[PDB]
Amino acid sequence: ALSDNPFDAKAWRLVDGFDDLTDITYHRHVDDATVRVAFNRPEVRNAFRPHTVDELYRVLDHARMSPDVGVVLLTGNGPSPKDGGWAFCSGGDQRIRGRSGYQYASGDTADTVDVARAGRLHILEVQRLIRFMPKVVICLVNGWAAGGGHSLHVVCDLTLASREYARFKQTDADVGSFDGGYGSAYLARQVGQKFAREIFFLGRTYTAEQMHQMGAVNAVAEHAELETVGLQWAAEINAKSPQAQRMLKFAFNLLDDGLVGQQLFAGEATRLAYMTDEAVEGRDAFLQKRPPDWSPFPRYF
């Protein structure tokens, strides 16, 4: 009775308005403030093409703007119908990679590429969306995480990994690519500079336990229980002050992210200020064309 599949169909419901998804699935939990967002191209180890990225962005953006959702679980569906192989995500689909980047195609192969249309590298936009969203994103690595798939794991707030099937392999340099942003530099902020350089320069395959020991994986779970454990972590996150959780995420981001990090954290501080009687007096005085009266509000130190 041991399931080879982490997905419990009884626990999840399709989100309204997303019937047209082909490369991604999107579910909301039947009880919890948690959604499940998953790659749905297991025949190519869940490699993403530009359409995949567009769907992924659309889905994550919707989750971001859903007030009754606290946590995103990002994972990959499977296994491959071809060989039963398991994957989180193997990065950009090499079949439609051109000299200008990953290209839109009418089919799955290079011969169907729209030659009039420039390639894109916009999984980077999805990276920023994950980074900047005021909600915890937990990567559930259920299989291979390679290339840009590895880098997506890196930029998520937390990572849980399948004991049996998770395999971490940074294959970028093998195919003449590189993620010189969050995939590499930010990995060093998890495992340190020596281990991060080893991971990219040699491109070896690592287990869930090895990545846990190095600092890039928060916990290892049994494959069949990976989403169950993800849901437990999500519930612990959702049981705290959502205001504090939001502020904490942006505090962790801040200095690493320079002025952008400051912008996001300060933006949340501005919102906190808007809630105060003092900010309301500022608004009211402007609207009423009168001098503001700040006397009720002390100079804290």
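Residue numbers here begin at 1 and follow the sequence given.
- Per the records, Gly147 is modelled in every other compared entry, just as the shown structure includes it, so no third of them leave it out.
- Coverage remark for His122: present in the model in all other entries compared whose chains are built on both sides, leaving no third without it.
- Between 5-13 and 288-296, the higher mean Cα B-factor belongs to 288-296.
- The PDB entry records a higher mean C-alpha B factor for 117-125 than for its counterpart among 226-234 and 117-125.
- Going by the entry's values, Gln103 shows the largest Cα B-factor out of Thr205, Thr75, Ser151, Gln103.
- If you compare the C-alpha temperature factors of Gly143, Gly92, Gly98, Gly192 in the entry, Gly98 comes out highest.
- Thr171: CA B factor in the middle third of modelled residues in this chain (values from the PDB entry).
- Sort the chain's modelled residues by C-alpha temperature factor and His212 lands in the lowest third, per the entry.
- Looking at the C-alpha B-factors along this chain, the one for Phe132 belongs to the lowest third.
- Looking at the C-alpha B-factors along this chain, the one for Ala185 belongs to the middle third.
- Among all modelled residues in this chain, the alpha-carbon of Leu60 has a temperature factor (C-alpha) in the lowest third.
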